Amino acid sequence: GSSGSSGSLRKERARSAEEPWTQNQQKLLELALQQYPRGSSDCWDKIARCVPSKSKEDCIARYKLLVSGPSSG
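Residues numbered from 1 in each chain as written, not as in the entry; some residues may be left out. Heavy atoms only, no water.

- For this deposited structure, the header cites solution NMR as the method used.

### Digging into the nonpolar core
Right, on to step 1. Counting residues in each nonpolar core, the largest one holds 9 residues, listed as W21, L29, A32, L33, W44, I47, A48, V51 and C59.
Right, on to step 2. For this core, the secondary structure elements donating two or more residues are helix 1 (23-35) and helix 2 (41-47).
Right, on to step 3. No other element matches helix 1, which puts 3 residues into this core. (Core = buried A, V, L, I, M, F, W, Y, C linked by side-chain atoms within 4.5 Å. Buried < 20%, exposed > 50% of the residue type's maximum accessible area, 1.4 Å probe, protein only. Helix = DSSP H or I, 4+ residues; strand = E, 2+ residues; numbered from the N terminus.)

### Digging into the layout of surface pockets
Right, on to step 1. Approximately 230 Å³ is the volume attributed to the largest pocket.
Right, on to step 2. Along its surface, the largest pocket is lined by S16, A17, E18, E19, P20, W21, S53, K54, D58, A61, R62 and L65. (1 Å grid on protein atoms, 1.4 Å probe; cavity = no way out; pocket = protein on both sides within 12 Å on 5 of 7 lines; lining within 4 Å. Points joined across faces, edges and corners; volume = space filled by probe spheres on them.)

### What to know about the packing of helix 1 against helix 3 (residues 56-67)
Right, on to step 1. The interhelical angle for the contact between helix 1 and helix 3, taken along N-to-C directions, is 80 degrees, at an axis separation of 11 Å. In terms of orientation, helix 1 lies roughly perpendicular with respect to helix 3. In this structure, helix 1 contributes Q26, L29, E30 and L33 to the contact, and helix 3 contributes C59, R62, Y63 and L66.
Right, on to step 2. A class-by-class count of the residues in the contact of helix 1 with helix 3 yields 5 nonpolar, 1 polar and 2 charged. (Axes fitted to C-alpha atoms, helices over the stretch in contact; angles between N-to-C directions. Parallel < 35°, antiparallel > 145°, perpendicular 65-115°, else oblique. Contact = heavy atoms within 4.5 Å. Nonpolar A, V, L, I, M, F, W, Y, C, P; charged D, E, K, R; others polar.)

And the structure:
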């Protein structure tokens, strides 16, 4: 765009802001989503516990995709 310094942020692997989910994390979460269903902000706070890699906030940001995806049977 226009020659500017301050503004929005650009994606970059280096930053590693939104790291991927390993077979483990993806699992620890799923299994959790079952034990700690929707409810109070605390409900999730617990889900993040089973995930020593991702945090509560991340757990919720991942759920959207988990529920926003097709699944046969």
